[PDB]
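Text of work-v3.csv, listed as CSV, C-alpha atoms:
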chain,number,residue,atom,x,y,z
A,1,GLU,CA,-20.7,-34.6,39.3
A,2,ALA,CA,-17.3,-34.9,37.6
A,3,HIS,CA,-18.7,-34.0,34.2
A,4,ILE,CA,-20.7,-31.1,35.6
A,5,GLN,CA,-17.6,-29.7,37.3
A,6,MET,CA,-15.6,-30.2,34.1
A,7,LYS,CA,-18.2,-28.3,32.1
A,8,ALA,CA,-18.4,-25.5,34.7
A,9,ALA,CA,-14.6,-25.1,34.8
A,10,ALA,CA,-14.3,-25.1,31.0
A,11,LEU,CA,-17.1,-22.6,30.4
A,12,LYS,CA,-16.0,-20.3,33.2
A,13,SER,CA,-17.9,-17.0,32.8
A,14,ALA,CA,-18.0,-16.8,29.0
A,15,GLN,CA,-20.4,-14.0,28.2
A,16,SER,CA,-22.7,-14.7,25.2
A,17,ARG,CA,-23.0,-12.0,22.6
A,18,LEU,CA,-26.0,-12.0,20.4
A,19,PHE,CA,-24.6,-9.6,17.8
A,20,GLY,CA,-21.3,-8.6,16.3
A,21,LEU,CA,-20.3,-5.6,14.3
A,22,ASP,CA,-23.1,-4.6,12.0
A,23,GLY,CA,-22.4,-5.1,8.3
A,24,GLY,CA,-23.8,-1.7,7.3
A,25,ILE,CA,-20.6,0.3,7.0
A,26,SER,CA,-21.8,3.6,5.4
A,27,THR,CA,-22.7,5.9,8.3
A,28,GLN,CA,-22.8,9.1,6.2
A,29,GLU,CA,-25.2,10.3,3.6
A,30,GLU,CA,-24.7,10.2,-0.1
A,31,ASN,CA,-23.6,13.6,-1.5
A,32,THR,CA,-26.1,14.2,-4.3
A,33,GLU,CA,-24.9,17.8,-4.8
A,34,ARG,CA,-23.7,18.8,-8.2
A,35,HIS,CA,-20.3,20.2,-9.2
A,36,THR,CA,-20.0,22.8,-12.0
A,37,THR,CA,-17.3,24.9,-13.6
A,38,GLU,CA,-19.0,28.0,-12.2
A,39,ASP,CA,-18.2,27.0,-8.6
A,40,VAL,CA,-15.7,29.0,-6.6
A,41,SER,CA,-14.6,25.8,-4.8
A,42,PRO,CA,-15.2,22.0,-4.9
A,43,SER,CA,-17.1,22.4,-1.7
A,44,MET,CA,-19.0,25.7,-2.3
A,45,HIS,CA,-21.0,27.2,-5.3
A,46,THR,CA,-20.9,31.0,-4.6
A,47,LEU,CA,-19.9,33.4,-1.9
A,48,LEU,CA,-23.3,35.1,-1.8
A,49,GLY,CA,-23.5,37.5,1.2
A,50,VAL,CA,-19.7,38.0,1.5
A,51,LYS,CA,-18.8,41.7,1.4
A,52,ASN,CA,-15.3,42.9,0.7
A,53,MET,CA,-14.8,45.9,2.9
B,1,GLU,CA,-17.0,-11.1,12.3
B,2,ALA,CA,-13.5,-10.9,11.0
B,3,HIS,CA,-14.7,-10.2,7.5
B,4,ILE,CA,-17.1,-7.5,8.7
B,5,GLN,CA,-14.3,-5.8,10.7
B,6,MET,CA,-11.9,-6.0,7.7
B,7,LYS,CA,-14.6,-4.5,5.4
B,8,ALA,CA,-15.3,-1.7,8.0
B,9,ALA,CA,-11.6,-0.9,8.4
B,10,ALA,CA,-11.0,-0.9,4.7
B,11,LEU,CA,-14.0,1.3,3.8
B,12,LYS,CA,-13.4,3.7,6.7
B,13,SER,CA,-15.5,6.8,6.1
B,14,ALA,CA,-15.4,7.0,2.3
B,15,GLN,CA,-18.0,9.6,1.2
B,16,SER,CA,-19.8,8.6,-1.9
B,17,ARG,CA,-20.1,11.3,-4.5
B,18,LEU,CA,-23.0,11.0,-7.1
B,19,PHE,CA,-21.5,13.5,-9.5
B,20,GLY,CA,-18.2,14.9,-10.7
B,21,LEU,CA,-17.3,18.1,-12.6
B,22,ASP,CA,-20.0,18.8,-15.2
B,23,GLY,CA,-18.9,18.3,-18.8
B,24,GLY,CA,-20.5,21.6,-19.9
B,25,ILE,CA,-17.6,24.0,-19.9
B,26,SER,CA,-18.9,27.1,-21.6
B,27,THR,CA,-20.4,29.2,-18.8
B,28,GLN,CA,-20.6,32.4,-20.9
B,29,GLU,CA,-22.9,33.4,-23.7
B,30,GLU,CA,-22.0,33.4,-27.4
B,31,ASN,CA,-21.2,36.8,-28.7
B,32,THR,CA,-23.5,37.3,-31.7
B,33,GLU,CA,-22.6,40.9,-32.1
B,34,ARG,CA,-21.1,42.1,-35.4
B,35,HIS,CA,-17.9,43.9,-36.0
B,36,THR,CA,-17.6,46.5,-38.7
B,37,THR,CA,-15.0,48.9,-40.1
B,38,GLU,CA,-17.1,51.8,-38.9
B,39,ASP,CA,-16.6,50.8,-35.3
B,40,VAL,CA,-14.6,53.0,-33.0
B,41,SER,CA,-13.2,50.0,-31.1
B,42,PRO,CA,-13.5,46.2,-31.2
B,43,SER,CA,-15.8,46.4,-28.2
B,44,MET,CA,-17.9,49.4,-29.1
B,45,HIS,CA,-19.7,50.7,-32.2
B,46,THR,CA,-20.1,54.4,-31.5
B,47,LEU,CA,-19.7,56.9,-28.7
B,48,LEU,CA,-23.2,58.3,-29.0
B,49,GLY,CA,-24.0,60.6,-26.1
B,50,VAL,CA,-20.3,61.5,-25.3
B,51,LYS,CA,-19.9,65.3,-25.4
B,52,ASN,CA,-16.4,66.9,-25.7
B,53,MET,CA,-16.5,69.9,-23.5

How does this structure look as structure tokens?
Amino acid sequence: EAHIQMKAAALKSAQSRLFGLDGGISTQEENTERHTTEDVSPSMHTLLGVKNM
Amino acid sequence: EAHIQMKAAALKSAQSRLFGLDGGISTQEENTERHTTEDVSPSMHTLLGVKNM
């Protein structure tokens, strides 16, 4: 009885977690898009439908 | 768990780029046109259909 009470008092209410933080860090997608000197910006190739006035 | 958290905090949301700026710089076409003493301008040969009055 003493050993059981000691074990119960030591363990308390320790929740058991089956997993931790996943090791897969990359949550985005690889950017396979090309970059060329013809681009108007590092994020865009052309401004196709844009109309100035 | 500590190592996984450290790796996740260090990598953050680093997007992976597959390409950089392309090494092909010349985006125009080579000007194979000739230049002759008969030309009226370095950019034009004659003024053919032009009518003065």

**Request:** Pull out every residue of chain A that has at least one atom within 6 Å of chain B, counting only C-alpha atoms, and report them as a PyMOL selection string.
**Result:** chain A and resi 23+25+30-32+34-36

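Our summary of the geometry notes that atom CA of residue 29 of chain A is positioned 22.7 Å from atom CA of residue 46 of chain A.
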
**Message:** Please report the interatomic distance between atom CA of residue 45 of chain A and atom CA of residue 33 of chain A in Å with one decimal.
**Reply:**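 Spanning atom CA of residue 45 of chain A to atom CA of residue 33 of chain A is a straight-line distance of 10.2 Å.
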
**Request:** To one decimal in Å, tell me the separation between atom CA of residue 52 of chain A and atom CA of residue 37 of chain A.
**Result:**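 Atom CA of residue 37 of chain A lies at a distance of 23.1 Å from atom CA of residue 52 of chain A.
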
What would segment 34-51 of chain B look like with N, CA, C and O atoms restored, written as a compact mmCIF listing (two decimals), in the frame of the given file?
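The new file part-v7.txt reads:
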# COMPACT_ATOMS: atom_id res chain seq x y z
N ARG B 34 -21.95 41.91 -34.20
CA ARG B 34 -21.10 42.10 -35.40
C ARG B 34 -19.97 43.01 -35.13
O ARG B 34 -19.92 43.73 -34.12
N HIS B 35 -19.00 42.99 -36.04
CA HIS B 35 -17.90 43.90 -36.00
C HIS B 35 -17.72 44.49 -37.41
O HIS B 35 -17.70 43.76 -38.40
N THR B 36 -17.60 45.81 -37.48
CA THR B 36 -17.60 46.50 -38.70
C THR B 36 -16.48 47.55 -38.76
O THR B 36 -16.01 48.00 -37.72
N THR B 37 -16.04 47.90 -39.97
CA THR B 37 -15.00 48.90 -40.10
C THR B 37 -15.39 50.26 -39.58
O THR B 37 -14.52 51.08 -39.28
N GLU B 38 -16.68 50.51 -39.42
CA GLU B 38 -17.10 51.80 -38.90
C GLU B 38 -16.98 51.90 -37.39
O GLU B 38 -17.09 52.99 -36.84
N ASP B 39 -16.71 50.79 -36.71
CA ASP B 39 -16.60 50.80 -35.30
C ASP B 39 -15.45 51.67 -34.78
O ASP B 39 -14.41 51.76 -35.44
N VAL B 40 -15.64 52.29 -33.62
CA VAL B 40 -14.60 53.00 -33.00
C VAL B 40 -13.63 52.16 -32.18
O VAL B 40 -12.53 52.60 -31.82
N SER B 41 -14.03 50.92 -31.90
CA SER B 41 -13.20 50.00 -31.10
C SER B 41 -13.77 48.60 -31.34
O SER B 41 -14.93 48.43 -31.74
N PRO B 42 -12.96 47.57 -31.11
CA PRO B 42 -13.50 46.20 -31.20
C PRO B 42 -14.56 45.85 -30.26
O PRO B 42 -15.27 44.86 -30.47
N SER B 43 -14.75 46.66 -29.22
CA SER B 43 -15.80 46.40 -28.20
C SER B 43 -16.96 47.30 -28.24
O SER B 43 -17.97 47.04 -27.61
N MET B 44 -16.84 48.40 -28.99
CA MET B 44 -17.90 49.40 -29.10
C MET B 44 -18.15 49.89 -30.49
O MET B 44 -17.21 50.04 -31.25
N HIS B 45 -19.40 50.17 -30.85
CA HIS B 45 -19.70 50.70 -32.20
C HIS B 45 -19.57 52.22 -32.31
O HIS B 45 -18.81 52.69 -33.15
N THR B 46 -20.28 53.00 -31.50
CA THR B 46 -20.10 54.40 -31.50
C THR B 46 -19.92 54.94 -30.12
O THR B 46 -19.95 54.17 -29.16
N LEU B 47 -19.69 56.25 -29.99
CA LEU B 47 -19.70 56.90 -28.70
C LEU B 47 -20.79 57.98 -28.79
O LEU B 47 -20.53 59.15 -29.05
N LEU B 48 -22.03 57.56 -28.53
CA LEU B 48 -23.20 58.30 -29.00
C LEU B 48 -23.40 59.58 -28.17
O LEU B 48 -23.33 60.70 -28.70
N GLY B 49 -23.66 59.43 -26.88
CA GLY B 49 -24.00 60.60 -26.10
C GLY B 49 -22.76 61.33 -25.53
O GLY B 49 -22.93 62.32 -24.81
N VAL B 50 -21.54 60.89 -25.85
CA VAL B 50 -20.30 61.50 -25.30
C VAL B 50 -20.26 62.96 -25.89
O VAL B 50 -20.45 63.19 -27.09
N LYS B 51 -20.00 63.91 -25.00
CA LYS B 51 -19.90 65.30 -25.40
C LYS B 51 -18.49 65.82 -25.01
O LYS B 51 -18.05 65.66 -23.86
